[PDB]
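J.: Could you have a look at this structure, given as C-alpha cells, before my questions?
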Amino acid sequence: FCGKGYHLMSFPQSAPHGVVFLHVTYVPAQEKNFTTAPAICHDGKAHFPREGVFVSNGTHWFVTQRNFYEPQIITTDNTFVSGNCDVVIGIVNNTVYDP
Amino acid sequence: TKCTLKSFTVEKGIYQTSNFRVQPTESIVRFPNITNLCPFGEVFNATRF
Amino acid sequence: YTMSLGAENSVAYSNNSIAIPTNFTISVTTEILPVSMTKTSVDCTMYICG
Amino acid sequence: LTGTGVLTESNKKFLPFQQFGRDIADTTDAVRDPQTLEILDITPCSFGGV
Amino acid sequence: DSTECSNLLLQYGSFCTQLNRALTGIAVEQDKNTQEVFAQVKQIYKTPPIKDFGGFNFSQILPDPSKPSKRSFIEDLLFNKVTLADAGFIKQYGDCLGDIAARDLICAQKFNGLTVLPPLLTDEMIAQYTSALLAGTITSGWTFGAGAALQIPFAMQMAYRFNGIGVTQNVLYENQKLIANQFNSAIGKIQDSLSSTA
Ligand SMILES: *[C@@H]1O[C@H](CO)[C@@H](O[C@@H]2O[C@H](CO)[C@@H](O)[C@H](O)[C@H]2NC(C)=O)[C@H](O)[C@H]1NC(C)=O
Ligand SMILES: *[C@@H]1O[C@H](CO)[C@@H](O[C@@H]2O[C@H](CO)[C@@H](O)[C@H](O)[C@H]2NC(C)=O)[C@H](O)[C@H]1NC(C)=O
Ligand SMILES: *[C@@H]1O[C@H](CO)[C@@H](O[C@@H]2O[C@H](CO)[C@@H](O)[C@H](O)[C@H]2NC(C)=O)[C@H](O)[C@H]1NC(C)=O
Ligand SMILES: *[C@@H]1O[C@H](CO)[C@@H](O[C@@H]2O[C@H](CO)[C@@H](O)[C@H](O)[C@H]2NC(C)=O)[C@H](O)[C@H]1NC(C)=O
Ligand SMILES: *[C@@H]1O[C@H](CO)[C@@H](O[C@@H]2O[C@H](CO)[C@@H](O)[C@H](O)[C@H]2NC(C)=O)[C@H](O)[C@H]1NC(C)=O
Ligand SMILES: *[C@@H]1O[C@H](CO)[C@@H](O)[C@H](O)[C@H]1NC(C)=O
Ligand SMILES: *[C@@H]1O[C@H](CO)[C@@H](O)[C@H](O)[C@H]1NC(C)=O
Ligand SMILES: *[C@@H]1O[C@H](CO)[C@@H](O)[C@H](O)[C@H]1NC(C)=O
Ligand SMILES: *[C@@H]1O[C@H](CO)[C@@H](O)[C@H](O)[C@H]1NC(C)=O
C-alpha cells in the first residue's frame, strides 16, 4: 500500500496538481533457513511461544521474532504452557530454562 | 443572479451570472469612400442583350 | 513484447522449515499521485452571442 | 458585417488580399476599417467574467 | 457507404473523436481496474507440489500443472458458469456483442462501427496472477509482498492468524485435524454448490 516492504513512515510533498509520498519502509534481507517447531514438550507439558517462533541452529533451540533473527534462550517468561504434548502435531523435545 | 437562476430566492454562495447589464444605444456604419453610382443603366437598359 | 507479470523466483516450502532474515535495508520510495485537475468554466454570454 | 461589441486598436498586420480576421474561426476578431486603413480588433461587449 | 465521406468527416469528425476519446478513457479505466485488483503484487511464485499443508486440501483452488491452462478447478467452474453472451441478444448479434477472443471484422459491419476492444490482461495472465497470489499466500502469509518471501509452515501461519483474532495457538494445535476437516468440508460444499448449476 505504501511501498515495498514493511511500512514505517511516509512524508508528503506538494507537486503540480498532485502529491508525492516519500515512503520509508523496512525491506528484509539476508534470510536464513531454520528448522522450526510449533511447540516444545518439556516435563510432559507443551510450551507455546508468547511472541515469535521456535527455531533451531544445529541441535540448539531458540525463540526469535519473525522479522529479525534475534536468538533468545527459551525461558518460562518467553513461553506459555497449555495441555500435554501428546496432542500437538510436530512437537519436539527440548528443555525450557528457568531464571 | 435571480435572472440567471430563474428564481426570486438565491442561496448562500457564489454564482456565475450571464450578461444582462449592458444594451447598445448607438449604431455606427463604416463603408468605403465610394461616390459614383453603379452603371445599372448599361446592364439593364441595353438595346440588345 | 509480452507484458511482464513479475520477477521470477522460487520459494522452498517444508513443514519444518522457516526463513528468517538476518539483515535489513531502510528504503525510501517515491509514489506520485494526482490530486486535482484544472478548474475550467464556460461563460454563457460570450459562448452563445460572441 | 454587422455586430455588437467593443473595438480596440490592433498590432496585427494584414495582407493586401485580406479583410477579416478569425483566429478561432467562429468569431471575427480583427477587421480592416474601410475608410482609414488601420486594423481594428473587435472584442465582445459582454464582460461575462462576473 | 457515403459518396462524400471526406466532407462528412470534415464536418462531423471531431464530435465522434471526442466521444471515442470518452469511450477509450472508459476502456483504459477498465484496464486499470483489472490491474489494481489483480496486479497489486508483481511477483510470480511457482505453484508448489502439494506437500504438508497441515491437512488443508487446496487442490480445488490451487491449479494443477497437468492441464495446459493455468486455471484451477474452481476457476474452471466459474468460467463455465458464466457463458459469454448467453442472452436473447445473441440471436441478432451473433456473439459480436462480447469478447469471445475470435470476434472478426464482420461484427463491426453489423454494429455500424462499434467494435469490442480486447482486455490488456489475458485470462491466462489473470489466472497466473491469481495462482501467484495463492502460492505466495499459502507459502508465506504476510511476508509475500514485503519482499524476500519467507517460507513458513501453514500450521504456524494459522497459529499467527488465530493470534490476529485474539485466540491463542493452543486452540489450533490441539484442534488442527478438526479445523482442517471443517475447511475441507466447506471447500467441498462450495464446489458442490458451484456444481449444482444454481
Ligand atoms: C547456535 O547458536 C548459539 C548462540 O550463538 C550457540 O550457543 C553458544 O555457542 C557458543 C559458540 O559455539 C558457545 O561458546 C556458547 O557456550 C553457546 N551458548 C549456549 C546458549 O549454549 C549454539 O552453540 C549454536 N548451536 C550450533 C550447534 O550451531
Ligand atoms: C520425547 O521424549 C519422550 C521421553 O521423555 C519420548 O517418549 C518415549 O518414547 C519412546 C520411543 O518412542 C517410547 O518407547 C516411550 O514409551 C515413550 N515414553 C513416553 C513418556 O511416552 C518421546 O517419544 C520423545 N519425542 C520425540 C519427539 O522425540
Ligand atoms: C547489513 O547490510 C548493511 C548494508 O546494507 C551492512 O552495513 C555495512 O556495514 C559494514 C561493516 O560494518 C560497513 O563497512 C558498510 O559501510 C556498511 N554499509 C552500509 C550500507 O551502511 C551491515 O553490516 C550488514 N549486516 C550484516 C550482519 O550483514
Ligand atoms: C482433495 O479433495 C479432492 C476431491 O475434492 C481429492 O481428489 C480426489 O482424489 C481421490 C483419490 O484420492 C479420487 O477418488 C477422487 O475422485 C478425486 N476427486 C476429484 C474431483 O479429483 C484430492 O485427492 C484431495 N487431496 C488430498 C491429497 O487430500
Ligand atoms: C465443536 O463442534 C465440532 C463440530 O463443529 C465438534 O467436532 C466433532 O467432534 C465429534 C466428537 O469428537 C466428532 O465425532 C465429529 O466428527 C467432529 N466433527 C468435525 C466437523 O470434525 C467438536 O467436538 C465440538 N466441540 C465441543 C467441545 O463441543
Ligand atoms: C533454504 O533451502 C532451500 C532448499 O533447501 C534452498 O534452495 C535455499 O537456498 C536455502 N536458503 C538458505 C538461505 O540457506
Ligand atoms: C513433514 O513431512 C515429512 C515427510 O512426509 C514427515 O516425515 C514429517 O513427519 C512431517 N513433519 C510434520 C511436523 O508434519
Ligand atoms: C431606358 O431606355 C429608354 C429608351 O431610351 C428610356 O426611355 C428610359 O427612360 C430608360 N430608363 C432608364 C431607367 O434609364
Ligand atoms: C473620405 O472622404 C471624406 C470626405 O472628403 C474625407 O474626410 C476622408 O478623409 C476620406 N477618407 C479616405 C480618403 O480614406
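Protein chains in written order, with the UniProt record's numbering: chain A, 1042 to 1140; chain B, 299 to 347; chain C, 695 to 744; chain D, 546 to 595; chain E, 745 to 942.
For every residue, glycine included, the Cβ atom is placed at its ideal position computed from N, Cα and C.
#1: Runs of 4 residues minimum, wholly inside the stretch 807 to 835 of chain E: which ones carry the alpha helix (DSSP H) assignment?
#2: Would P1079 (chain A) and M900 (chain E) be called neighbours here (beta carbons separated by less than 9 Å)?
#3: Going by C-alpha distance, which of E:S758, E:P793, E:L821, E:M902 is nearest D808 (chain E)?
#4: Starting from the C-beta of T299 (chain B), find all residues in its chain whose C-beta is less than 7 Å away, skip the five residues before and the five after it, and write them out in chain order.
#5: Under 8 Å, with one C-beta from each stretch per pair, do the stretch 1118 to 1135 of chain A and the stretch 1084 to 1097 of chain A reach the 3-pair mark?
#6: Give me, in chain order, the residues of the same chain whose beta-carbon lies closer than 7 Å to that of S591 (chain D); leave out the 5 immediate sequence neighbours on both sides.
#7: In this structure, what does DSSP give as the bridge partners for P1053 (chain A)?
#8: For ligand 5, is there a heavy atom less than 8 Å away from the beta-carbon of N801 (chain E)?
#9: Quick one: Cα of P337 (chain B) to Cα of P330 (chain B), how far?
#10: Taking the C-alpha atoms as reference points, what is the distance between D737 (chain C) and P589 (chain D)?
#11: Under DSSP, the beta strand (DSSP E) around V551 (chain D) begins and ends at which residues?
#12: For a cutoff of 9 Å on Cβ pairs, would you count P579 (chain D) as touching chain B?
#13: Just curious, the beta strand (DSSP E) that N703 (chain C) is in, first and last residue?
#14: If we define contact as Cβ-Cβ less than 9 Å, is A1087 (chain A) a contact residue for chain C?
#15: Would the C-beta of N925 (chain E) count as close to ligand 5, meaning under 8 Å from any of its heavy atoms?
#16: Can you pull the DSSP bridge partners for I714 (chain C)?
#17: Taking only beta-carbon atoms, is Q321 (chain B) less than 9 Å away from chain C?
#18: Let me see if you follow: with CB-CB separation under 9 Å, is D568 (chain D) close to chain C or not?
T.: To lay it out plainly:
#1: Here the runs fully enclosed are 817 to 825.
#2: Yes, the pair counts as a contact, with Cβ atoms nearer than the cut-off.
#3: The shortest C-alpha separation from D808 (chain E) is found at E:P793.
#4: Excluding sequence neighbours, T299 (chain B) sits near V308, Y313, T315.
#5: Three or more pairs of CB atoms, one per stretch, sit closer than 8 Å, so the stretch 1118 to 1135 of chain A contacts the stretch 1084 to 1097 of chain A.
#6: Nothing meets the Cβ criterion.
#7: DSSP, once it has assigned bridges, lists A:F1062 as partnering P1053 (chain A).
#8: The answer is no for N801 (chain E).
#9: If I take the Cα positions, the gap works out to 18 Å.
#10: When the Cα atoms are used, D737 (chain C) and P589 (chain D) turn out to be separated by approximately 12 Å.
#11: Unbroken beta strand (DSSP E) run through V551 (chain D): 550 to 554.
#12: Chain B, which has a Cβ nearer than 9 Å to the Cβ of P579 (chain D), makes this yes.
#13: Taken as a continuous stretch (DSSP letters only), the beta strand (DSSP E) holding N703 (chain C) covers 701 to 703.
#14: Answer no: the Cβ-Cβ gap between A1087 (chain A) and chain C never drops below 9 Å.
#15: In this structure, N925 (chain E) has its CB closer than 8 Å to one or more heavy atoms of ligand 5.
#16: Answer is A:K1073, bridged to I714 (chain C).
#17: So, not an interface residue.
#18: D568 (chain D) does not count as touching chain C.
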